[PDB]
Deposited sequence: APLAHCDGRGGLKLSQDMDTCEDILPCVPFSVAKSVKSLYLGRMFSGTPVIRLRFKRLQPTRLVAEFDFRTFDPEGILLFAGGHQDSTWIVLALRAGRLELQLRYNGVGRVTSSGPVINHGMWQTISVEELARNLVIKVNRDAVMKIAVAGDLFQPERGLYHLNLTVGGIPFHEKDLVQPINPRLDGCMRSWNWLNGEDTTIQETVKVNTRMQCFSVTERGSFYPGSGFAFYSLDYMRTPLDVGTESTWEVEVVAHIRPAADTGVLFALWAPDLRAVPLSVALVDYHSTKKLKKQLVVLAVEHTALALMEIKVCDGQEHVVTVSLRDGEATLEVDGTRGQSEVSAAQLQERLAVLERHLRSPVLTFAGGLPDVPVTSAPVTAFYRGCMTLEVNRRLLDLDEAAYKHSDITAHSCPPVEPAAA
C-alpha cells in the first residue's frame, strides 16, 4: 500500500512506491489579454460629469449554460440591468425604479466560439447585440447613470453582481466558467491565474489536486447506483467517482483507474473489494465511456460498451451488495475526482484523477457549479485540448 493521495503508486515487483506522472500532456497555453470569469471578478466606477448613456462592448466565449456576465447601474432598489445566461441563452434582467422585468431570445451562446456582445442604453430603449446583430430591444423609461452631487455615476461589475442573487428579478446560479477579451466601456492586470485557456474543449478539467462533492440520495430493488463517465485521462491512476461514509471512515463504492492487476485498468469496488476489472487504453489520449450500474443482486462495469469480468463469486457478490445496501441506508457524500483523508486500506485507489471528465449520476448530469464544494482549480465547463505533436 502506497499513498495515492500523496502522488505515489506501487511499482515493479511491489518493492517500492513510485511517483504518478502524466502519460498524456494537455496544452498549457494561456491567452494573456483575456479574463477568466471563474472562481465580481472586477468592479468599475465611472464618475461622469454631464449626462450620459451606457455603452459597452466585449468578446465572450463559453460552453457554460448558466451564469452572470455583468451588472450595470446603481443601488439594488434603484435602476439597473444584468446580462446573464440561462439554458445557454442570453438573458437580460432589468429593474427600473424597483419594477423588475426579464427577457431572453433565441441566441444560443454557449457554443464555445468567440463572439462580440454589445449593450447600449438609448433614450428610447435598451439594445443588446450579438456580432452586430440586434437580438433584444426593450422599451425603458429611466437612466442607468445616477446624479450624485454635481456628477453622474454608474457602477459596473463583471462576472457577478454587487448584491445577492436572491434579489434579482429571477434567481440564478451566478458561477460562470467563461472568458472575456477586447473590453470597451464607453482591466489588464497581469495575473496568470486570471487568464483563460487559449483553446477550450467540452468537459470539466481536473488538474489532479482536488475534488468536488455532493449530497445525493440513492434510495429507491430498494436502491440504485448508475454512473456514466466520459473521460480523457492524463495519468493511469486516480479516483473518478466514489461514495464516502464519514462516521465509518469507509468508502462504500468507488470507480477508478489503476495500472496493476501490471495492466491499464478501470476498477469497480465496494470498500476494499474489487467487484470487477476492465482493460482500457488510458494513455492513448482518446475519450472513453465508463459505465457502472448496481442494484439488488446486480453489479456491472463496462468500458466503451464492453463488460468487464467479475472478480468475485456469485455468493460473495450478494454479500458485498448487502453491505452496500446498509451503507446507502444512511446519508453518504458523493465525490468526483478524488477522496478526503481516508484509511489507505479503505479502497483500491485514493489518488486524485488528472484529466477531462463528465459525470452523469442516476441519469442526471452533474454540474460542478452546483456542488456543495468544488476545489478552486477545477474548471467546471471547459477542458484544455491534448497537446499536438510537432510533426
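- Comparing the deposited sequence with the modelled residues, the stretches lacking C-alpha coordinates are 1 to 4, 44 to 48, 196 to 204, 239 to 246, 288 to 292.
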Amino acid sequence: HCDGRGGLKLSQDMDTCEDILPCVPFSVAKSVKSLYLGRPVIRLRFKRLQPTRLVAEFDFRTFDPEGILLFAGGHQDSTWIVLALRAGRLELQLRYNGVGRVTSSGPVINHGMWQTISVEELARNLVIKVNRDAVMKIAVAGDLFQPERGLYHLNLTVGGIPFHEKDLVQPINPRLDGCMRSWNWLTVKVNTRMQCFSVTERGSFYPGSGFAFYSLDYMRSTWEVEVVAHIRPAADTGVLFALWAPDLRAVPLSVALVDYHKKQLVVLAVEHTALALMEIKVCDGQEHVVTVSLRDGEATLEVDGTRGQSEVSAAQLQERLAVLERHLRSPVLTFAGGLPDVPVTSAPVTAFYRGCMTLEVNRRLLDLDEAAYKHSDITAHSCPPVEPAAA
From here on, numbers count along this sequence of modelled residues.
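- When the two stretches 348 to 356 and 29 to 37 are set side by side, the higher mean Cα temperature factor goes to 29 to 37.
- Look at the mean CA B-factor for 50 to 58 and for 362 to 370 in the entry; the higher one is 50 to 58.
- The PDB entry assigns the greatest CA B-factor among 122, 168, 265, 269 to 122.
- The PDB entry assigns the greatest CA B-factor among 97, 198, 237, 93 to 97.
- Residue 232: CA B factor lies in the lowest third for its chain, per the PDB record.
- Residue-level temperature factors show residue 305 in the middle third of its chain, judged at the C-alpha atom.
- Among all modelled residues in this chain, the alpha-carbon of residue 383 has a temperature factor (C-alpha) in the lowest third.
- Ranked within its chain, residue 132 lands in the highest third, by CA B factor from the PDB record.
- Residue 246: CA B factor lies in the middle third for its chain, per the PDB record.
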